[PDB]
């Protein structure tokens, strides 16, 4: 058994041939322009023709996916995949068994299978980069929700909502690495495209007041979301991943900030398998489905 795995990202499509124990024996990546579903389907077709010994296909996809039927009801950034049965498409194209699961869920499944969540029944995964991702593991099972939408952690309010559209008051729009860069551009007058997260943190470490405020507010927003999650789900562990891991000391920094809030026994630590989690979790889902 050799499984063709696909992980549909924000800017790249990752692909691999994976053995049932998580050994990835071949990889391929492609930059994808403007999250164009047709380009993604084309890259898939090309990878499959190149790898004729695969016996199964496993997909990690953005948006909302019925994991049994393969119907993507909302394709995340990929409008082409709205109301698209990608499982049935791939089955028709190849004659191979296919499984599909949401991207955040797949990364959580990687954590459960091969990472730090192997023996945990109640943990969350929180991903912080350009946006916010979430996955929920409760009672030893993924929580997908009634319409496969669960885990939208970025939609939590970080402040009392005002009169602009509600999204503006949510973590997705207040508390991300992108928002930090946007704010720094506004405060300094410099072009966004020339600002890095690394420089903001470097300025922070050099006690720059503007940077201090930006980072302080960022951590407060993260703490707001963590407090909500802790009280709602009562996980034992929250694994934090994404672009934020570009800050080496971020877990220690969050714990410090959390002294004003209270972790309340919850363990916070980094997620594992940053590079391959989507592929590996897609495989885990596929392996569960084959049984």
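Positions refer to the first chain, counted from 1.
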Quick note on 129-137 and 191-199: per-entry mean CA temperature factor is higher in 191-199
Decide which of the stretches 65-73 and 250-258 has the higher mean C-alpha B-factor, going by the entry. 65-73
Among 94, 102, 216, 118 - the residue whose C-alpha B-factor is largest in the record: 94
Just grab whichever of 266, 39, 228, 60 has the top CA B-factor as deposited. 39
Residue 206 CA temperature factor, ranked by third within the chain: middle
If you rank the chain by CA B-factor, which third does residue 176 end up in: lowest, middle or highest? middle
Could you say whether, by C-alpha temperature factor, residue 34 belongs to the lowest, middle or highest third of its chain? highest
What third of the chain does residue 149 rank in for C-alpha temperature factor, lowest, middle or highest? lowest
How does the C-alpha B factor of residue 25 compare with the rest of the chain: lowest, middle or highest third? highest
